[PDB]
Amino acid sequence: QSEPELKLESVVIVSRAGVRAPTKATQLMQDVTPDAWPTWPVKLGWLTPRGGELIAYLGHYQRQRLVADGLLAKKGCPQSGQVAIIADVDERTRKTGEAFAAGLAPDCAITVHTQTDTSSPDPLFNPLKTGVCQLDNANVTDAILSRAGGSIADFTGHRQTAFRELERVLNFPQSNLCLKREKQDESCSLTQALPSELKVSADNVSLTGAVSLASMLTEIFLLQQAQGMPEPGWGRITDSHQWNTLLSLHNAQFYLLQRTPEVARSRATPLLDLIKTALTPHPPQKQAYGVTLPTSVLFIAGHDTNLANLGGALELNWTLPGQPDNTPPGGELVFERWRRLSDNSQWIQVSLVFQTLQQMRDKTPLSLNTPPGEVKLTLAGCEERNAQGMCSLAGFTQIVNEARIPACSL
(Lines of atoms letter the chains of each structure in order from A and count residues from 1; the text may use other names and numbers.)
(Lines give C-alpha, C1' and ligand atoms only; values in the text may rest on other atoms or scores of the structure.)
Protein backbone atom coordinates (compact mmCIF):
# COMPACT_ATOMS: atom_id res chain seq x y z
CA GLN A 1 0.00 0.00 0.00
CA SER A 2 1.35 3.41 -1.01
CA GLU A 3 2.49 5.27 2.11
CA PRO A 4 2.33 9.06 2.64
CA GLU A 5 5.63 10.77 1.75
CA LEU A 6 4.94 13.63 4.19
CA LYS A 7 4.30 13.50 7.95
CA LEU A 8 2.43 16.30 9.78
CA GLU A 9 4.60 17.62 12.62
CA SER A 10 2.88 20.86 13.64
CA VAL A 11 -0.37 22.78 13.16
CA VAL A 12 -1.18 26.44 13.80
CA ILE A 13 -4.74 27.67 13.43
CA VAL A 14 -5.63 31.36 13.40
CA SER A 15 -9.39 31.45 13.86
CA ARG A 16 -11.93 34.22 13.72
CA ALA A 17 -14.47 34.22 16.53
CA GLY A 18 -17.71 32.37 15.88
CA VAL A 19 -21.23 33.62 15.28
CA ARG A 20 -22.02 36.57 17.53
CA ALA A 21 -24.63 39.29 18.02
CA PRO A 22 -23.87 42.55 16.16
CA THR A 23 -21.38 44.72 18.07
CA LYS A 24 -23.56 47.82 18.03
CA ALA A 25 -27.09 49.18 17.69
CA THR A 26 -26.80 52.81 16.66
CA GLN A 27 -29.39 55.37 15.59
CA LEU A 28 -28.00 55.39 12.04
CA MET A 29 -28.67 51.64 11.85
CA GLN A 30 -32.33 52.31 12.59
CA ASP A 31 -32.59 55.35 10.34
CA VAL A 32 -31.66 53.42 7.16
CA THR A 33 -34.61 51.07 7.50
CA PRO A 34 -38.28 51.49 8.46
CA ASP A 35 -38.17 47.94 9.81
CA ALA A 36 -36.95 46.77 13.20
CA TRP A 37 -33.74 44.82 13.65
CA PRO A 38 -34.33 41.36 15.13
CA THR A 39 -32.98 41.07 18.69
CA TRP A 40 -30.28 38.58 19.67
CA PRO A 41 -30.12 36.05 22.58
CA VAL A 42 -26.85 37.47 23.96
CA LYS A 43 -25.29 40.87 24.61
CA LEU A 44 -23.91 42.91 21.72
CA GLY A 45 -20.65 41.45 20.39
CA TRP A 46 -20.93 38.21 22.41
CA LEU A 47 -20.76 34.64 21.14
CA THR A 48 -24.16 32.97 20.92
CA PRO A 49 -24.48 29.37 22.12
CA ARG A 50 -25.14 28.34 18.51
CA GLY A 51 -21.91 30.09 17.55
CA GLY A 52 -20.12 28.01 20.15
CA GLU A 53 -21.68 24.83 18.81
CA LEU A 54 -20.57 25.73 15.28
CA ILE A 55 -17.01 26.28 16.54
CA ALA A 56 -17.30 23.03 18.52
CA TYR A 57 -18.07 21.22 15.26
CA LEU A 58 -14.84 22.51 13.70
CA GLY A 59 -13.08 21.41 16.86
CA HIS A 60 -14.60 17.95 16.45
CA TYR A 61 -13.61 17.88 12.77
CA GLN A 62 -10.03 18.97 13.48
CA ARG A 63 -9.65 16.24 16.11
CA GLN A 64 -10.63 13.56 13.57
CA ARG A 65 -8.49 15.17 10.90
CA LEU A 66 -5.40 15.42 13.12
CA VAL A 67 -5.86 11.83 14.33
CA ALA A 68 -5.80 10.48 10.75
CA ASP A 69 -2.56 12.43 10.22
CA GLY A 70 -1.26 10.90 13.43
CA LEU A 71 -0.55 14.19 15.20
CA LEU A 72 -3.09 13.55 17.98
CA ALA A 73 -4.08 10.27 19.65
CA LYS A 74 -7.55 8.97 18.79
CA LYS A 75 -8.48 8.32 22.42
CA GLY A 76 -8.09 10.28 25.65
CA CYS A 77 -6.99 13.83 26.40
CA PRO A 78 -3.97 15.22 24.57
CA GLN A 79 -0.72 15.12 26.55
CA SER A 80 0.21 18.13 28.67
CA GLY A 81 0.88 21.06 26.35
CA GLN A 82 0.38 19.01 23.18
CA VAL A 83 -2.49 21.40 22.47
CA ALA A 84 -2.19 25.11 23.26
CA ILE A 85 -4.98 27.67 22.87
CA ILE A 86 -4.57 31.46 22.90
CA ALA A 87 -7.40 33.98 22.71
CA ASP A 88 -7.86 37.72 22.54
CA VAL A 89 -9.37 39.20 25.71
CA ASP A 90 -12.79 39.67 24.10
CA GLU A 91 -15.65 37.57 25.46
CA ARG A 92 -16.33 36.13 22.00
CA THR A 93 -12.72 35.07 21.36
CA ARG A 94 -12.33 33.60 24.85
CA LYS A 95 -15.54 31.61 24.32
CA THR A 96 -14.45 30.57 20.81
CA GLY A 97 -11.26 29.12 22.26
CA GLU A 98 -13.38 27.29 24.84
CA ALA A 99 -15.84 25.99 22.22
CA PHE A 100 -12.95 24.72 20.09
CA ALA A 101 -11.34 22.88 23.00
CA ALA A 102 -14.70 21.35 23.95
CA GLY A 103 -15.13 20.03 20.43
CA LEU A 104 -11.49 18.97 20.04
CA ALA A 105 -11.31 17.03 23.32
CA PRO A 106 -14.60 16.97 25.26
CA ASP A 107 -14.32 17.08 29.05
CA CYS A 108 -10.53 17.51 28.80
CA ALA A 109 -10.47 21.10 30.05
CA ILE A 110 -7.74 22.49 27.79
CA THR A 111 -6.84 25.92 29.12
CA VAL A 112 -7.63 28.96 26.99
CA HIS A 113 -4.78 31.40 27.70
CA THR A 114 -5.23 35.15 27.21
CA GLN A 115 -3.29 38.27 28.10
CA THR A 116 -3.35 38.60 31.91
CA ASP A 117 -4.84 42.11 31.91
CA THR A 118 -8.30 41.46 30.47
CA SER A 119 -9.47 45.09 30.74
CA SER A 120 -6.79 46.26 28.31
CA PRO A 121 -6.43 45.27 24.65
CA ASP A 122 -3.87 42.64 23.63
CA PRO A 123 -1.27 44.01 21.17
CA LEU A 124 -0.80 40.55 19.69
CA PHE A 125 -4.08 41.13 17.85
CA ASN A 126 -3.48 44.79 16.90
CA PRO A 127 -0.17 46.52 17.80
CA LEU A 128 -1.48 49.75 16.25
CA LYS A 129 -4.30 50.43 18.71
CA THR A 130 -2.08 49.72 21.73
CA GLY A 131 0.69 52.00 20.49
CA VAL A 132 3.34 49.34 19.89
CA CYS A 133 3.97 50.91 16.48
CA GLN A 134 2.52 53.47 14.09
CA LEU A 135 1.29 53.69 10.52
CA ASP A 136 2.91 56.08 8.08
CA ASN A 137 -0.13 58.30 7.49
CA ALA A 138 1.01 59.74 4.16
CA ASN A 139 2.11 56.36 2.82
CA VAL A 140 -0.97 54.47 4.00
CA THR A 141 -3.24 57.22 2.61
CA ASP A 142 -1.67 56.85 -0.84
CA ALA A 143 -1.69 53.04 -0.83
CA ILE A 144 -5.38 52.80 0.08
CA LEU A 145 -6.50 55.48 -2.36
CA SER A 146 -4.38 53.83 -5.03
CA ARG A 147 -6.06 50.44 -4.51
CA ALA A 148 -9.41 52.25 -4.48
CA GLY A 149 -8.71 53.46 -7.99
CA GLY A 150 -7.82 56.97 -6.91
CA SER A 151 -10.92 57.84 -4.90
CA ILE A 152 -13.55 56.31 -2.65
CA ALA A 153 -16.16 57.80 -4.99
CA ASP A 154 -14.95 55.76 -7.97
CA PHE A 155 -14.64 52.76 -5.65
CA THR A 156 -18.27 52.95 -4.50
CA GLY A 157 -19.44 53.94 -7.98
CA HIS A 158 -18.30 50.53 -9.19
CA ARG A 159 -20.37 48.83 -6.53
CA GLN A 160 -23.64 50.76 -6.82
CA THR A 161 -25.37 47.56 -7.87
CA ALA A 162 -24.42 45.98 -4.55
CA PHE A 163 -25.44 49.15 -2.69
CA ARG A 164 -28.86 49.19 -4.38
CA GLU A 165 -29.28 45.55 -3.37
CA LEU A 166 -28.66 46.56 0.26
CA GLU A 167 -31.05 49.51 -0.06
CA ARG A 168 -33.67 47.09 -1.38
CA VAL A 169 -33.11 44.71 1.53
CA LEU A 170 -33.43 47.63 3.97
CA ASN A 171 -36.43 49.17 2.17
CA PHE A 172 -34.24 52.25 2.33
CA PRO A 173 -36.66 54.44 0.33
CA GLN A 174 -39.14 54.30 3.23
CA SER A 175 -36.54 55.04 5.92
CA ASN A 176 -36.30 58.07 8.16
CA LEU A 177 -32.97 58.94 6.56
CA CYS A 178 -34.70 59.15 3.17
CA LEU A 179 -37.95 60.80 4.19
CA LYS A 180 -36.36 63.51 6.37
CA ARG A 181 -33.85 64.36 3.62
CA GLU A 182 -34.11 67.93 2.28
CA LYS A 183 -32.55 67.56 -1.16
CA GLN A 184 -35.47 65.42 -2.30
CA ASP A 185 -34.87 66.57 -5.86
CA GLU A 186 -32.76 63.43 -6.43
CA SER A 187 -33.51 59.80 -5.55
CA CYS A 188 -32.50 58.55 -2.11
CA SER A 189 -29.06 56.89 -2.11
CA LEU A 190 -26.91 55.38 0.66
CA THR A 191 -23.64 56.51 -0.88
CA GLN A 192 -25.00 60.00 -1.59
CA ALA A 193 -26.70 60.43 1.80
CA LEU A 194 -23.58 59.21 3.61
CA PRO A 195 -20.46 60.24 1.70
CA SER A 196 -17.55 57.91 2.52
CA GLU A 197 -14.21 59.46 3.48
CA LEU A 198 -10.86 57.84 4.19
CA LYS A 199 -9.59 58.55 7.69
CA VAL A 200 -6.00 57.65 8.56
CA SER A 201 -4.13 58.13 11.83
CA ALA A 202 -1.04 56.66 13.47
CA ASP A 203 -3.06 54.00 15.26
CA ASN A 204 -5.99 53.38 12.94
CA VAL A 205 -7.64 53.62 9.53
CA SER A 206 -11.32 53.80 8.65
CA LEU A 207 -13.95 54.55 6.03
CA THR A 208 -16.88 56.71 7.14
CA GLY A 209 -20.31 56.81 5.55
CA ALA A 210 -22.02 54.18 3.44
CA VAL A 211 -18.91 52.04 3.00
CA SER A 212 -18.47 51.17 6.66
CA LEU A 213 -22.24 51.02 7.27
CA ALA A 214 -22.82 48.68 4.32
CA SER A 215 -19.91 46.50 5.44
CA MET A 216 -21.39 46.17 8.93
CA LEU A 217 -25.01 45.69 7.84
CA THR A 218 -24.25 42.94 5.33
CA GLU A 219 -22.18 41.11 7.93
CA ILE A 220 -25.16 41.32 10.30
CA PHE A 221 -27.42 39.80 7.63
CA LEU A 222 -24.83 36.98 7.33
CA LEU A 223 -24.85 36.64 11.12
CA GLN A 224 -28.66 36.39 11.21
CA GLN A 225 -28.49 33.65 8.58
CA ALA A 226 -25.75 31.68 10.37
CA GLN A 227 -27.55 32.15 13.71
CA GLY A 228 -30.56 30.46 12.17
CA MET A 229 -32.93 33.39 12.56
CA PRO A 230 -36.29 32.96 10.71
CA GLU A 231 -35.94 35.64 8.05
CA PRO A 232 -32.58 37.43 7.68
CA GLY A 233 -32.90 40.85 6.06
CA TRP A 234 -36.62 40.71 6.84
CA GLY A 235 -37.10 37.90 4.35
CA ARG A 236 -35.77 40.04 1.49
CA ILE A 237 -32.70 37.87 0.88
CA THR A 238 -33.81 34.88 -1.16
CA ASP A 239 -30.89 33.48 -3.19
CA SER A 240 -27.13 32.85 -3.30
CA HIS A 241 -26.57 35.65 -5.81
CA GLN A 242 -28.08 38.19 -3.42
CA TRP A 243 -25.92 36.92 -0.59
CA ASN A 244 -22.78 37.40 -2.65
CA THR A 245 -23.81 40.82 -3.89
CA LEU A 246 -24.49 41.96 -0.34
CA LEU A 247 -21.35 40.57 1.24
CA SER A 248 -19.13 41.91 -1.55
CA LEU A 249 -19.64 45.26 0.19
CA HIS A 250 -18.16 43.70 3.29
CA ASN A 251 -15.19 42.10 1.51
CA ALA A 252 -14.68 45.38 -0.36
CA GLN A 253 -14.03 47.30 2.85
CA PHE A 254 -11.61 44.67 4.11
CA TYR A 255 -9.80 44.79 0.78
CA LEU A 256 -9.14 48.49 1.34
CA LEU A 257 -8.45 48.71 5.08
CA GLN A 258 -7.29 45.25 6.10
CA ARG A 259 -5.52 43.74 3.09
CA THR A 260 -3.59 46.83 1.99
CA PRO A 261 0.07 45.87 2.72
CA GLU A 262 0.94 49.28 4.21
CA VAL A 263 -1.56 48.44 6.96
CA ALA A 264 -1.59 44.61 6.97
CA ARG A 265 2.14 44.08 7.55
CA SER A 266 2.24 46.28 10.63
CA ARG A 267 -1.05 44.97 12.07
CA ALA A 268 -0.07 41.33 11.44
CA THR A 269 3.53 41.41 12.65
CA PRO A 270 2.89 40.17 16.16
CA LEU A 271 0.85 37.26 14.74
CA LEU A 272 3.46 36.62 12.06
CA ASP A 273 6.16 36.30 14.74
CA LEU A 274 4.03 33.90 16.80
CA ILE A 275 3.14 31.75 13.80
CA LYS A 276 6.74 31.54 12.60
CA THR A 277 8.18 30.64 16.00
CA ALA A 278 5.45 28.04 16.57
CA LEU A 279 6.08 26.42 13.18
CA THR A 280 9.86 26.51 13.47
CA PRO A 281 11.41 23.46 15.14
CA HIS A 282 13.32 24.27 18.32
CA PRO A 283 13.62 23.44 22.05
CA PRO A 284 10.27 23.73 23.91
CA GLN A 285 10.04 26.41 26.59
CA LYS A 286 7.24 28.14 28.50
CA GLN A 287 6.76 31.29 26.45
CA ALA A 288 4.17 34.06 26.02
CA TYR A 289 0.74 33.45 27.59
CA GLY A 290 2.34 30.74 29.71
CA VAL A 291 2.26 28.47 26.68
CA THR A 292 5.14 26.24 25.60
CA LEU A 293 6.21 26.38 21.96
CA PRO A 294 6.81 24.65 19.70
CA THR A 295 4.06 22.09 20.20
CA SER A 296 1.72 19.90 18.14
CA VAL A 297 -1.30 22.19 17.85
CA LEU A 298 -1.70 25.91 18.55
CA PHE A 299 -5.16 27.45 18.16
CA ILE A 300 -5.40 31.26 18.16
CA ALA A 301 -8.81 32.87 18.59
CA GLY A 302 -8.68 36.20 16.82
CA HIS A 303 -10.77 38.30 14.45
CA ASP A 304 -11.60 38.73 10.80
CA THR A 305 -9.21 41.66 10.50
CA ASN A 306 -6.40 39.33 11.65
CA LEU A 307 -7.15 36.83 8.87
CA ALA A 308 -7.33 39.64 6.33
CA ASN A 309 -4.11 41.27 7.65
CA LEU A 310 -2.31 37.94 7.38
CA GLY A 311 -3.64 37.42 3.87
CA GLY A 312 -2.43 40.81 2.74
CA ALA A 313 0.94 40.44 4.46
CA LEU A 314 1.59 36.94 3.09
CA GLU A 315 0.04 37.66 -0.30
CA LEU A 316 -2.56 34.93 0.29
CA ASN A 317 -5.73 35.46 -1.74
CA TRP A 318 -8.82 33.28 -1.60
CA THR A 319 -12.53 32.92 -2.25
CA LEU A 320 -14.65 30.40 -0.33
CA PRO A 321 -17.19 28.43 -2.41
CA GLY A 322 -20.44 28.45 -0.46
CA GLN A 323 -19.36 31.26 1.88
CA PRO A 324 -19.88 34.88 0.70
CA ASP A 325 -17.74 36.23 3.55
CA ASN A 326 -14.00 35.80 2.82
CA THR A 327 -13.20 35.87 6.56
CA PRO A 328 -16.35 34.23 8.02
CA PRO A 329 -17.11 33.51 11.68
CA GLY A 330 -15.13 30.47 12.73
CA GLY A 331 -13.04 30.70 9.57
CA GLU A 332 -9.56 29.24 10.10
CA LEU A 333 -6.25 30.20 8.47
CA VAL A 334 -4.39 26.91 8.89
CA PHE A 335 -0.60 26.67 8.85
CA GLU A 336 0.96 23.20 8.83
CA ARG A 337 4.56 22.04 8.92
CA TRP A 338 5.08 18.75 7.11
CA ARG A 339 8.33 16.80 7.22
CA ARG A 340 9.31 14.92 4.06
CA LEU A 341 10.37 11.45 5.19
CA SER A 342 12.77 10.88 2.27
CA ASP A 343 15.23 13.60 3.34
CA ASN A 344 13.69 15.06 6.52
CA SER A 345 13.26 18.49 4.94
CA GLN A 346 10.62 20.83 6.40
CA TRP A 347 7.63 22.25 4.50
CA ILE A 348 4.74 24.61 5.27
CA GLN A 349 1.20 24.36 3.93
CA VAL A 350 -1.41 27.07 4.31
CA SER A 351 -5.14 26.68 3.84
CA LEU A 352 -8.43 28.32 4.74
CA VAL A 353 -10.83 26.00 6.53
CA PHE A 354 -14.40 27.16 6.90
CA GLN A 355 -18.06 26.24 7.17
CA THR A 356 -20.20 27.21 4.18
CA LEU A 357 -23.02 29.59 5.01
CA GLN A 358 -25.49 26.70 4.66
CA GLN A 359 -23.50 24.46 7.02
CA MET A 360 -23.95 27.28 9.55
CA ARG A 361 -27.64 27.72 8.75
CA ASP A 362 -28.38 24.00 9.03
CA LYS A 363 -25.93 23.76 11.91
CA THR A 364 -24.61 20.59 10.27
CA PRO A 365 -22.14 18.56 12.38
CA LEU A 366 -18.72 18.10 10.79
CA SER A 367 -16.51 15.06 10.30
CA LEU A 368 -14.20 13.52 7.71
CA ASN A 369 -17.37 12.25 6.01
CA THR A 370 -19.02 15.67 6.21
CA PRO A 371 -16.00 18.02 6.30
CA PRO A 372 -16.21 21.82 6.26
CA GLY A 373 -15.07 23.69 3.18
CA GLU A 374 -11.32 23.93 2.68
CA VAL A 375 -9.13 25.90 0.27
CA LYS A 376 -5.43 25.10 -0.14
CA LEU A 377 -3.58 28.40 -0.31
CA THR A 378 -0.49 29.28 -2.26
CA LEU A 379 2.04 31.74 -0.88
CA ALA A 380 2.38 33.94 -3.97
CA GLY A 381 5.95 34.84 -3.06
CA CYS A 382 7.35 31.33 -2.53
CA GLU A 383 9.82 29.89 -5.03
CA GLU A 384 11.09 26.66 -3.48
CA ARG A 385 8.21 24.15 -3.47
CA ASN A 386 7.75 20.41 -3.05
CA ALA A 387 5.65 18.00 -5.10
CA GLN A 388 2.45 18.99 -3.28
CA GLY A 389 2.93 22.73 -3.82
CA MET A 390 4.03 23.43 -0.26
CA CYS A 391 6.65 26.04 0.54
CA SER A 392 9.95 25.09 2.16
CA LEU A 393 10.43 26.20 5.76
CA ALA A 394 13.32 28.39 4.63
CA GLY A 395 11.13 29.94 1.93
CA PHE A 396 8.29 30.56 4.35
CA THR A 397 10.71 32.01 6.92
CA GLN A 398 12.04 34.37 4.24
CA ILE A 399 8.52 35.47 3.33
CA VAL A 400 7.65 36.21 6.97
CA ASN A 401 10.93 38.02 7.68
CA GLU A 402 10.49 40.31 4.68
CA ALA A 403 6.78 40.93 5.40
CA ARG A 404 6.94 41.68 9.13
CA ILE A 405 7.63 45.17 10.37
CA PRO A 406 10.34 44.98 13.09
CA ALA A 407 9.06 48.14 14.75
CA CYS A 408 5.75 46.31 15.31
CA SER A 409 7.08 43.15 16.96
CA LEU A 410 6.08 42.66 20.60
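One-based numbering along the sequence shown.
S.K.: Per the entry, where is the mean C-alpha temperature factor higher: 203-211 or 233-241?
M.R.: Going by the record's values, the stretch with the higher mean is 233-241.
S.K.: Determine, for stretches 215-223 and 275-283, which one has the higher mean CA B-factor as deposited.
M.R.: 275-283 has the higher mean C-alpha B-factor.
S.K.: Between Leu316, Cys178, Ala308, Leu135, which carries the biggest CA temperature factor in the record?
M.R.: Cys178 has the highest C-alpha B-factor of those listed.
S.K.: Could you say which of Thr48, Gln30, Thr356, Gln349 has its CA atom at the highest B factor, as listed in the PDB entry?
M.R.: That would be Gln30, according to the entry.
S.K.: By the recorded C-alpha temperature factor, relative to the other modelled residues in its chain, which third is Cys77 in?
M.R.: For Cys77, the deposited C-alpha B-factor lands in the highest third.
S.K.: Once the chain's modelled residues are ordered by C-alpha B factor and cut into thirds, is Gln174 in the lowest, middle or highest one?
M.R.: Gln174: CA B-factor falls in the highest third of its chain.
S.K.: Taking only the Cα B-factors deposited for this chain, tell me whether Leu6 sits in the lowest, middle or highest third.
M.R.: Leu6: CA B-factor falls in the highest third of its chain.
S.K.: Name the third of the chain's ranked CA B-factors that contains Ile405, choosing lowest, middle or highest.
M.R.: Lowest third of the chain for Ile405's C-alpha B-factor.
S.K.: By the recorded C-alpha temperature factor, relative to the other modelled residues in its chain, which third is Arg267 in?
M.R.: As the PDB entry reports it, the C-alpha B-factor of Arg267 lands in the lowest third of its chain.
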